[PDB]
Structure formats: structure tokens, C-alpha cells
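Number of protein chains: 2
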Amino acid sequence: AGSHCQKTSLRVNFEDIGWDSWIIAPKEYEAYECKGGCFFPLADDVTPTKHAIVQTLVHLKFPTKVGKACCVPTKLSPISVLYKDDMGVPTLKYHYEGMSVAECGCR
Amino acid sequence: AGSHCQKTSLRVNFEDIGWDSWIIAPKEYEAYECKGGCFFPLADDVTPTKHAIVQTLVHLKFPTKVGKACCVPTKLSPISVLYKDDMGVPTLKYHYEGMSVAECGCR
Numbered sequence: 004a005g006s007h008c009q010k011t012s013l014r015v016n017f018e019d020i021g022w023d024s025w026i027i028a029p030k031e032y033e034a035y036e037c038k039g040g041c042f043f044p045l046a047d048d049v050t051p052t053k054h055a056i057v058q059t060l061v062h063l064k065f066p067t068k069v070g071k072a073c074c075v076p077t078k079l080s081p082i083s084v085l086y087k088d089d090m091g092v093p094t095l096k097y098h099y100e101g102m103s104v105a106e107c108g109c110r
Numbered sequence: 004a005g006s007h008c009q010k011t012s013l014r015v016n017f018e019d020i021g022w023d024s025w026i027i028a029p030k031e032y033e034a035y036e037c038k039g040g041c042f043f044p045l046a047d048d049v050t051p052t053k054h055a056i057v058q059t060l061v062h063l064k065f066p067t068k069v070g071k072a073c074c075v076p077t078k079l080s081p082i083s084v085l086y087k088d089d090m091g092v093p094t095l096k097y098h099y100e101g102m103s104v105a106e107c108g109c110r
């Protein structure tokens with residue numbers, strides 16, 4: 004129950020991923036993530052493409068030859084970061100795009 | 004070598020997936036599929052989002068808690084199908100959208 008593709012929390016520390024060299028702040032942010040399966044019956048809000056549906060059916064028929072559709076971010080949102088200028092000046096990037104999950108779906 | 008996210012062939016038979024009831028023709032089509040890993044170093048044309056990069060690094064640090072980015076279709080193309088009208092009349096759907104992979108990427 005409720006095991007399908009959905010947005011869940013993912014707290015990211017920039018030091019952990021080696022970005023603290025060029026990102027002064029914040030130290031961490033909420034990137035979220037997309038988790039869950041793409042299998043029938045699908046959840047209503049998965050917004051699945053026709054190809055994802057086709058591939059899921061093919062995987063059912065031939066599970067060893069063809070993989071499943073994948074639960075992935077389908078829309079992303081920006082965050083603000085404070086980063087080192089090439090001259091060293093800490094500088095605000097106000098909309099640093101593509102950093103946090105707005106919506107998930109099967110693709 | 005060349006083990007990264009790319010488009011590969013996938014031949015789909017509509018009877019195999021139970022769509023032959025409402026799809027008269029064609030019998031099969033080339034849907035392709037997206038196969039390969041999302042891991043560093045990335046291929047040039049993966050067009051990875053920032054979130055996919057972040058998640059891949061987090062997965063490296065914490066492989067059991069956080070999954071990898073996923074190789075998925077990022078652009079799809081239509082095909083034509085001949086389908087049964089609700090009145091039974093075979094009818095052409097000229098651009099049946101979202102049926103075949105145009106491009107793959109890590110998301």
C-alpha cells in the first residue's frame with residue numbers, strides 16, 4: 004500500500020558530496036528524491052508516459068530481457084546558493100536551477 | 004567502456020502486452036529503451052540535471068540509504084496506430100504520442 008512512485012525527503016550536505024569547495028552556504032539543503040516502484044496498478048498522479056506503460060508491460064512479459072520503468076523527478080525547482088567567485092568574492096546565485104524535486108513520475 | 008545511459012533497441016508486440024484488442028495495426032513497433040548506468044564520469048550527452056548529479060554523489064557516499072540516478076527517456080516520439088473505433092470502425096491515429104524513445108538521459 005502506497006509503495007508507488009512518490010517524493011520523499013533527502014537532506015544533502017555539500018561537504019559530503021565535495022561541493023563545499025565552491026559552495027559557502029547553505030551547508031545542507033532539502034533536495035528530496037523519488038522513490039517507489041512503477042508497476043500496475045499505477046497510482047493516479049504518476050502522469051506516466053505511454054512509453055513507461057509499454058515498457059512496464061514488456062518487463063512483466065520478459066522480466067530478464069527488459070527492465071522496469073523508473074521512478075524519477077519529472078519537475079525540479081531552484082535553490083539559492085552562496086558560491087565563491089573566480090575572484091574569491093562570495094556571490095549569490097539566486098535561482099540555482101534543477102536542485103530540488105518538485106514532482107516525481109514513472110518514465 | 005560505453006556502459007553509460009544510451010538508447011537501445013526494443014521491439015514491442017502489442018499482443019504480448021494485451022493491446023492487440025484495441026490496436027489493429029501495426030503488429031509490432033520499435034519503442035526502443037534507455038539502458039546503462041548513471042555513474043561518474045558521466046558521458047557528455049547525458050544532459051544530466053543537477054539533481055541527478057547530486058543524487059549520484061549522495062548514493063556514492065551512502066549506497067544503502069540512497070539510490071542511484073536512473074537512465075530514462077527524456078524525449079519521446081509519436082507513432083501511427085490503426086485502432087478500433089467505439090463504433091468498431093478501424094481508424095487512424097496519426098500521431099499517437101509518447102510511444103518511442105527519441106533521447107535518453109540520467110534523471
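Sequence order for the protein chains is A and A'. A prime marks a further copy of an entry chain.
Heads up: the first sequence begins at 4 in the entry's author numbering, then just goes up one per residue.
Heads up: the second sequence begins at 4 in the entry's author numbering, then just goes up one per residue.
Ideal placement from N, C-alpha and C gives every residue a C-beta, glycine not left out.
Quick check on DSSP: helix, strand or coil for A/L79? Three-state result, A/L79: strand.
Using 8 Å as the limit for Cβ to Cβ distance, is A'/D19 near chain A? Judged by the 8 Å Cβ criterion, A'/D19 is in contact with chain A.
Helix, strand or coil at A'/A55 [DSSP, three-state]: If DSSP states are grouped into helix, strand and coil, A'/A55 belongs with the helices.
What does A'/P93 pair with, by DSSP beta-bridge criteria? A'/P93 is bridged to A'/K87.
By the three-class DSSP mapping on this structure, what secondary structure does A'/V61 have? In the three-state reduction of the DSSP assignment, A'/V61 falls in the helix class, which pools H, G and I.
Is it buried or exposed, A'/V92, if we count other Cβ atoms within 10 angstroms and call 16 or more buried? Label assigned to A'/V92: exposed.
State the Cα-Cα distance for the pair A/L85 and A/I27, rounded to the nearest angstrom. Spanning the two alpha carbons is a distance of roughly 5 Å.
Checking the sheet assignment: what are the DSSP bridge partners for A/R14? Its beta-bridge partners are A/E33.
Cut-off 6 Å between Cβ atoms - residues of its own chain near A/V49, not counting five sequence neighbours on either side: Correct list, in chain order: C8, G108, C109.
Tell me A/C107's beta-bridge partners as DSSP assigns them. The partner list for A/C107 (beta bridge, DSSP) reads A/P76.
From the DSSP secondary-structure annotation, give me the bridge partner or partners of residue 178 of chain A'. Limits of chain A' in this structure are 4 at one end and 110 at the other, which puts residue 178 of chain A' out of reach.
With A/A28 as the anchor, note down where its beta strand (DSSP E) starts and where it stops. 26 to 28 is the extent of the beta strand (DSSP E) around A/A28.
Out of curiosity, what's the CA-to-CA distance linking A'/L95 and A'/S83? Taking the straight line from one Cα to the other gives about 7 Å.
Figure out for me which residue from A/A105, A/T59, A/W25, A/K30 has the closest Cα to the Cα of A/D88. Of all alpha-carbon atoms in A/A105, A/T59, A/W25, A/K30, the one lying nearest the alpha-carbon of A/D88 is that of A/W25.
Less than 7 Å separating the Cβ of A/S80 from some heavy atom of the ligand ADP? This structure does not include the ligand ADP; it has no bound ligands of any sort.
Contact criterion: CB-CB distance below 8 Å. Does A'/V84 meet it with respect to chain A? For A'/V84, no CB of chain A lies under 8 Å from its own CB, so it is not counted at the interface with that chain.
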